[PDB]
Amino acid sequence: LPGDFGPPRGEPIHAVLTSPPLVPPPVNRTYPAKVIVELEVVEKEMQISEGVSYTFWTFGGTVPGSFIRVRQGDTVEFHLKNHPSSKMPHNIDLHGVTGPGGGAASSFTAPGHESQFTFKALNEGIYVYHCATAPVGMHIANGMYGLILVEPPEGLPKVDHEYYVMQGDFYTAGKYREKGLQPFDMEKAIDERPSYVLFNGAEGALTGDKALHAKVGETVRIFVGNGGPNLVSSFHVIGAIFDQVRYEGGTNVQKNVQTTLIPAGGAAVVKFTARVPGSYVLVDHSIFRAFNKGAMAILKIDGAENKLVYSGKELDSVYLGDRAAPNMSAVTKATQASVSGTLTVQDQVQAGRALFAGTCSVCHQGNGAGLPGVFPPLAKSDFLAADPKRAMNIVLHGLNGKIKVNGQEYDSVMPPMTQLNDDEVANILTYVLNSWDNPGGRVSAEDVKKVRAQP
């Protein structure tokens, strides 16, 4: 058979698995081994977005699952354990396995049990693994996917950094950024209408202070999976080009491309060389996914500028929106305080500050000053202070026509922003009221609910 280098030699190796976005070290090995893999399924609530909880089903406690790294020709003894707290049974299908179900039948595992099967890794490449338990779509949509790398016998070329990034589409009963513990929504899933499309299982998993890092000059390899369940990723890097893209274990390698399609359940290895400092955005270039549903990740490059290659500034909230900042933890706090019944004005102000970036500042500015005659000010705005209910209606329904603000005429259009949730509108408005010599006070989510319901 291809990839057959004999029986395993040396000692049995207990595989070291890593959580995203990190990868285990190169196998660095000239002989085939028996590799023992132990993976445990855990079902648990985590934050899919700030103040938004979801019950994930995970291989190893993360979405995506633990990264597994072996060598072509290895004999893999795969142990799957299903944690006693689990409610569902689970199993695994690994792409790149040669045999029925990729492991599915022999890895079937009830809560509190363990299963094992053995396989030879005949096929070199980067491969998706996922759960394979009826209803399969439900399991994958709850986060049951990861990557396994089968290295070529001589290993991969050395690089300065290796990272692990995995897209997934998610289906919540609530709309995007609607707070609370969100159930899985089977209707949306059957219709291929995700509420969130994410890298590494949460909004902002790889933005701000959780960005990936490298330096000018260094090479970076990214192992990129698409767990689906349903979407095909127009996978793209903003501001750069991939030196190489290779799908699965495929013999073809594409070079110098910026945009590449990754099928549902597909995987690729991309190589990137850092040339100038700043933030490079990994996105699904089906744009509403990247900018309205959470499908963005940051590779942040540090080092000397090169004005002869690029004279411009680092990314900011104009493009990246509220993810230009280090985090939006103020939103989490304000949500937790709402639940507990201890929500203060300052909680709301801090949450609104986080949310105002991009969403409002793109026209009104970060300091609320506007641009005279073009964008009216929110700083010390007579128009705002004059009527706070009207301000709620402007955010929800937009505004057009001639207005006067601080003694100057505006005649333009503010688009409606109806997708904002009640709490986001309330927090943003509360931030504005308490900034820039505005009169203070607060707007509550419940005030916004009433205005939204009014015909």
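Residue numbers here begin at 1 and follow the sequence given.
*Asks:* When the Cα temperature factors in the entry are averaged, is it 322-330 or 261-269 that ends up higher?
*Replies:* It is 322-330.
*Asks:* Which has the higher mean CA temperature factor in the PDB entry, 56-64 or 412-420?
*Replies:* Stretch with the greater average CA B-factor: 412-420.
*Asks:* Tell me which of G125, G373, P89, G137 tops the list for C-alpha B factor in the record.
*Replies:* Each of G125, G373, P89, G137 was compared by C-alpha B-factor; the highest is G373.
*Asks:* Considering only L198, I148, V339, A189, which residue's Cα atom bears the greatest B-factor as recorded?
*Replies:* Result of the comparison over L198, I148, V339, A189: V339.
*Asks:* Just say lowest, middle or highest third for the CA B-factor of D387 relative to the other modelled residues in its chain.
*Replies:* Its C-alpha B-factor, which the entry lists for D387, ranks in the highest third among residues of this chain.
*Asks:* Which third of the chain does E38 land in by C-alpha B-factor: lowest, middle or highest?
*Replies:* Highest third - that is where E38 ends up once the chain's C-alpha B-factors are sorted.
*Asks:* Considering every modelled residue of the chain and its Cα B-factor in the PDB entry, is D93 in the lowest, middle or highest third?
*Replies:* It falls in the bottom third of the chain.
*Asks:* According to the PDB entry, is the CA B factor of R69 in the bottom, middle or top third of its chain, that is, lowest, middle or highest?
*Replies:* For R69, whose C-alpha B-factor we compare with every modelled residue in the chain, the answer is the lowest third.
*Asks:* When the deposited Cα B-factors of this chain's modelled residues are ordered and cut into thirds, is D169 in the lowest, the middle or the highest one?
*Replies:* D169: CA B-factor falls in the lowest third of its chain.
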